[PDB]
Structure formats: C-alpha cells, structure tokens
Amino acid sequence: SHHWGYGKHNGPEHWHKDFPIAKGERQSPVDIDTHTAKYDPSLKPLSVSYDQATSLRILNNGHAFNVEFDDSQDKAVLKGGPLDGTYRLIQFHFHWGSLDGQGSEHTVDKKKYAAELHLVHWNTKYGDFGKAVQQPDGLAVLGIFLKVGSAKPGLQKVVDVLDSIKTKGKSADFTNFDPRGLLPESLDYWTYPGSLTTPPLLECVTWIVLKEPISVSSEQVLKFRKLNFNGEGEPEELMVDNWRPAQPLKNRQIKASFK
Ligand SMILES: NS(=O)(=O)c1ccc([Se]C2CCCCC2)cc1
Ligand SMILES: NS(=O)(=O)c1ccc([Se]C2CCCCC2)cc1
Ligand SMILES: [Zn+2]
C-alpha cells in the first residue's frame, strides 16, 4: 500500500524506492531562473475560463486538501498558452510550510514562497483523468504562489471550512465556490514540461506557473497549518511542509509568456 509522505522516514528522499521515476528526466517542481527563462513568441494567449465552474466537495486526503469540481462536462477549462486543445479543471489544492519562509514547490531564483496553489486540469482528448495521466501531455497544472501580507478575500471560504476536515479521510460539501477568486491580476507566466510533484510522479504535466503571487494573510495560512496528516483519533501530526523540493532541470528550458 502507499506509505509515502513528507516526514523524515517517508518523504521526498525516500520516494524513488517505490516510484523510480522520481529520478527521471522531467521531474517537478524546479527552480525558475528568471534570468535564463526566455520569452517565447510562439506561445498563444492563455485562456482561463472558469465562469461555469461547479465546485462540489473538499477532502482531506492525508497529503493536502482538494477542492473537487464537476468535470463531467467542459464547465471550467484552461486553453491557450503552450497548450494544444482543451483542459478541464478537476480539482485544486495547495502545498505550504511550517513557517512563512517555506512551502512552495517551485522556487523563483531560489526564493521559496509561503505556499503554492495547484489548479489541476486534464486534456479532454483522453476522455478521463485516469487515461490522461498516462500521457506526456495529459495534464495542465496552473501554479500560483502565495506570499503573506493582506488577506485574500476569495480564499476565506476555503479557510472557513478547514475545521470541518481536520483529519485524513474527512470531507465536506463545498458547492458554489468561485475559483476565480484565487488568481492574481496578471496572467504572465512561465511554462515547462514536468511531472506530478507527488507519487506516482508521472511525467504527464505541462506546468504553467504565474509570475505574480497572490497575497494571503498570516491568519489564513495559520489555519492551513492546523490541519492534520493523520486520521481521527491518531497521534496529531500537523499538516505542514507538504512540499517536494526543486528537482534537476536536466534537458529542459523554461519559457516566459512576457517580454
Ligand atoms: N518509498 S516510499 O513510498 O516513500 C516509502 C517510505 C517508507 C515506507 Se515504511 C515507513 C513509513 C514511515 C514510518 C516508518 C516506516 C514505505 C514506503
Ligand atoms: N501536486 S500536483 O503535481 O499538482 C498533483 C496533481 C494531482 C495529483 Se492526483 C494523482 C492520483 C493518482 C494518479 C496520478 C494523479 C497529484 C499531484
Ligand atoms: Zn500540487
């Protein structure tokens, strides 16, 4: 059974023993060297189309929490940029730290942010998510950095429900949530081919990382840190530092959408 996690005894340094692709040629996350990344005029305009997004549920899965969407039709999609075709939003989740100085998976000139939001989308040409993850262009993950400053009003409904999903395996209704409230103003981005950042670490992701972070309040991120990795009635292990460090870039170039 899966026994990977984020602690010393089951964390990122151990994953390769059960998921050998951990040492592969297109692993994520990576450090984004802003000086080396090059503007790419071949990138088409990015299109985030979340007007009809239909959120359903929030789940503590023992690694993070997922806000899940109805992906039975093209209700919320990501298109354009580096992407060929249509990618359907299935869920979002975050990675975060024990302290404000760490928590992001991607880094920017080695800078770590307090957290990172991942909006996960699958390529509809493959019919279902399970099939999409087996393809090199199966998923598009829109990554957004979080820094601590002023509160993000569009985040507060997420923060407010976390008390009800404290432990692994708990879920709650989470209908009528607008994910557009989690974006920054600018859609400037970096893009590169990579992988899932958790086991099974499949090399199926086109990464699109927004340059502009969102600001959240210290009080908002503190509430993330009250979640538990453990299940109900088990010894408390705070859900903090659920991030994989940067992996070798190898034979990849990071492209910028902006001049
Ligand atoms: N290669 S891995 O999937 O990361 C992985 C790592 C460790 C273990 Se067992 C370990 C779990 C923590 C408590 C002590 C016993 C199984 C699988
Ligand atoms: N952190 S992340 O790279 O956005 C990311 C996104 C989605 C998942 Se779900 C996983 C379930 C088993 C089959 C493969 C997909 C993990 C990690
Ligand atoms: Zn993630």
Side-chain angles (χ1 to χ4, degrees), residues 2-24 26-30 32 57-69 71 78 83 87-97 102-107 112-123 126-146 158 168 171 179 182 189-210 224 227 229-231 234-235 237 239-247:
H2 286 189
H3 280 163
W4 66 268
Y6 292 95
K8 179 171 172 166
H9 303 290
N10 67 353
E13 292 288 283
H14 291 272
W15 295 348
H16 71 100
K17 292 176 284 169
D18 292 275
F19 305 92
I21 202 59
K23 297 182 187 288
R26 54 174 283 184
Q27 289 288 294
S28 295
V30 299
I32 300 169
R57 194 177 71 140
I58 189 172
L59 172 70
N60 180 331
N61 62 23
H63 306 296
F65 62 87
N66 293 344
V67 172
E68 303 163 349
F69 288 79
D71 64 340
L78 184 65
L83 304 174
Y87 289 72
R88 194 176 292 173
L89 179 65
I90 178 170
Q91 54 112 313
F92 69 79
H93 62 271
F94 303 81
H95 305 262
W96 62 90
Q102 66 202 65
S104 67
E105 300 208 297
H106 294 89
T107 57
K112 296 171 170 76
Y113 287 86
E116 187 175 329
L117 167 61
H118 290 162
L119 294 129
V120 181
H121 315 73
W122 57 275
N123 194 328
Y126 302 122
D128 67 68
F129 180 84
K131 283 289 191 290
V133 299
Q134 306 176 60
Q135 313 305 323
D137 61 351
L139 296 189
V141 182
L142 181 60
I144 306 179
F145 296 121
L146 280 63
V158 176
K168 177 180 185 178
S171 66
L182 297 174
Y189 66 84
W190 297 285
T191 186
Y192 73 97
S195 76
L196 303 175
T197 68
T198 73
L201 300 167
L202 296 170
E203 290 179 336
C204 64
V205 182
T206 302
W207 280 94
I208 300 169
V209 179
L210 297 189
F224 283 21
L227 287 165
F229 286 127
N230 54 281
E234 296 169 3
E237 297 171 75
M239 185 179 281
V240 295
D241 296 316
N242 57 350
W243 52 275
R244 190 193 195 189
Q247 301 299 306

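Note that ligands are numbered from 1 as they come in the structure, with each ligand's atoms numbered from 1 the same way. The first residue in the sequence is number 1, and the count goes up from there.
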Quick test: of every protein heavy atom, which one is nearest to atom 16 (C) of ligand 2, and how far off is it to 0.1 Å?
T198 OG1, 3.4 Å

Of the listed options (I90, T197, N61), which comes nearest to atom 3 (O) of ligand 2 when hydrogens are ignored and any heavy atom counts?
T197

At a 4.0 Å threshold, what atoms of ligand 1 neighbour a non-hydrogen atom of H3?
16 (C), 17 (C)

Taking only heavy atoms of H95 into account, list the atoms of ligand 2 that are under 4.0 Å away from them.
1 (N)

Against heavy atoms of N10, which atoms of ligand 1 measure under 4.0 Å?
4 (O), 6 (C), 7 (C), 11 (C), 12 (C)

Closest to the Zn ion (ligand 3), which N/O/S atom of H95 is it?
NE2

Which one holds for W207 and ligand 2: side chain close, backbone close, both close, or neither close, with close meaning a heavy atom under 4.0 Å?
side chain

Consider every N or O of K17 and every N or O of ligand 1, then say whether any pair is closer than 3.5 Å.
no

Assess the pair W96 and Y6: is the distance between their ring centroids shorter than 6.0 Å?
no

Closest by any non-hydrogen atom to atom 7 (C) of ligand 2: pick that one out of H121, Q134, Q91.
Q91

Numbered in order shown, the ligand 1 atoms found under 4.0 Å of a heavy atom of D18 are 1 (N), 2 (S), 3 (O), 5 (C), 17 (C)

Name of the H118 N, O or S atom nearest the Zn ion (ligand 3)?
ND1

The closest protein heavy-atom partner of atom 9 (Se) of ligand 2 is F129 CZ, 4.2 Å

Is a salt bridge present between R57 and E68, judged by a nitrogen-to-oxygen distance below 4.0 Å?
yes

Ligand-residue contact atoms, ligand 1 with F19, heavy atoms, under 4.0 Å:
3 (O)

Quick one: which ligand 1 atoms are inside 4.0 Å of a heavy atom on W4?
3 (O), 4 (O)

Please list the nearest protein heavy atom to atom 13 (C) of ligand 2 with its residue and the distance rounded to 0.1 Å.
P200 CG, 4.1 Å

So, for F224 and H95, is the gap between ring centers shorter than 6.0 Å?
no

Protein heavy-atom partner closest to atom 10 (C) of ligand 2 - residue, atom, separation in Å
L196 CD1, 4.3 Å

